[PDB]
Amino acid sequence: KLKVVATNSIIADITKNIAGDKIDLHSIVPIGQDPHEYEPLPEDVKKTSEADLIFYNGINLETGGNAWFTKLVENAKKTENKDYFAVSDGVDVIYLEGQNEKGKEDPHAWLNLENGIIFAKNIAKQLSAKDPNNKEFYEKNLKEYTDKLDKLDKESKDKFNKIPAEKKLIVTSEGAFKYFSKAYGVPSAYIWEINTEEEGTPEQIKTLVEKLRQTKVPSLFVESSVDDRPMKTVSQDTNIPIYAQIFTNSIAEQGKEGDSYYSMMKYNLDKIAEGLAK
């Protein structure tokens, strides 16, 4: 079987939905772990060295800071667009502070379903190229999978468009939902910008509190993977409740709610549409 390596559980789950049991799949960043600044273990080094095909997010998720993915593919003698592929190729990139320069791409593309569809298309393309015997199987699965994501995308856009505009604001700790905001027409507000060193300072908290007091947003949200003390403080200082915990960097453990890219996004979209209609 084709030996495939995915850098994280989101990419691995999309790959499973396209390839099923036709491949030997290894995921580096485990469920619930941080896909930025991760430290690969010897098993990840060995599996990457043996892989036929490697999938990574790109757009600086795994190549910024410690550049753990760059070190991994360099030590494995794997070549870009031959052995390893960025599944984000083709997304309409967002840049930090709206400044279009290499290195300023915002990595959080999968938080809108159109980009999850692009990820899937890139995965199906490269699986079909490396394993042409299963090309028809991968294309059938790609069509079924992207139909499922597209239906969820259309339903959620219809729900957000109904929400009174004065309520439509997605508030999270990190500014990680800019792709979500662009796709769904829901502006973002947050405590700290992407790549901030000190997360949840008194200055950051005070700044968001002052912004939110001038809005009618009825609910705040908090990422399940972050320390919730900064958002709890914002919630108490603004008197706006935290409606739900939401997924950002990972799917959930198998058997739990949100244990796939689709179910993670359905959970987020359901909780945010519900919370903002309050």
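Quick note: we count residues from 1 along the sequence shown, nothing fancier.
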| said: If you average the CA temperature factors as listed in the entry, which stretch comes out higher, 247-255 or 234-242? | reply: 247-255
| field | 20-28 or 266-274, whichever carries the higher mean Cα B-factor | value | 20-28
| query | Between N57, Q33, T215, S49, which carries the biggest CA temperature factor in the record? | reply | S49
| query | From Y138, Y95, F180, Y190, pick the one with the largest CA B-factor in the entry? | reply | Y138
| said: Sorting by Cα B-factor within the chain, modelled residues only, which third would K167 end up in: lowest, middle or highest? | reply: lowest
| request: Give the position of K121 by CA B-factor within its chain, expressed as the lowest, middle or highest third. | output: middle
| Cα B factor band for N112 (lowest, middle or highest third within the chain) | middle
| remark: Binned into thirds over the chain's modelled residues, the C-alpha B-factor of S88 lands in the lowest
| message | Please place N161 in the lowest, middle or highest third of its chain according to the CA B-factor in the PDB entry. | response | middle
